[PDB]
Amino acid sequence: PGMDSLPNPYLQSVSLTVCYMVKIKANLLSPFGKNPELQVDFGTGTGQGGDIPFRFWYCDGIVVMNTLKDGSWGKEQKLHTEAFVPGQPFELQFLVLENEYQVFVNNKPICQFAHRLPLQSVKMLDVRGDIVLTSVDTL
């Protein structure tokens, strides 16, 4: 039952471009008394409560995506998906393009998020949740 994994939360300084990929490989846990959550922040890396151009949040069949701008969360983009089967390992991909982030799970497109803050203002990638995180790669 031993397996190598990365720290959780996982932090990585980044500079996004118009053709940029994040690939996360992880598996949802079975936490005591709650459904496991997954959360990925493309954040500005300022202080606490600093801007978050793009947060991706998943729990129990539901994806919520939003933007934190000057202490204010915006209008949620919310959807249902069956892509995350606990406790099957999954591959979660974010593709940063000029117009939007594109999200894939296990090579299938799940959803897209139009940029609300400039992608150039993202400085910090933050991956956390009730997960065993095995790898995070960027290109």
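For every residue, the number given is its place in the sequence shown, counted from 1.
- As recorded in the PDB entry, 48 to 56 is the stretch of 48 to 56 and 101 to 109 with the greater mean C-alpha temperature factor.
- Here 115 to 123 and 9 to 17 are compared by their mean Cα B-factor, and 115 to 123 comes out higher.
- Highest CA B-factor among the listed residues (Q93, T67, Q39, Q77): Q77.
- Sorting the modelled residues of the chain by their CA temperature factor places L133 in the lowest third.
- Split the chain's modelled residues into thirds by C-alpha temperature factor. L28 is in the middle one.
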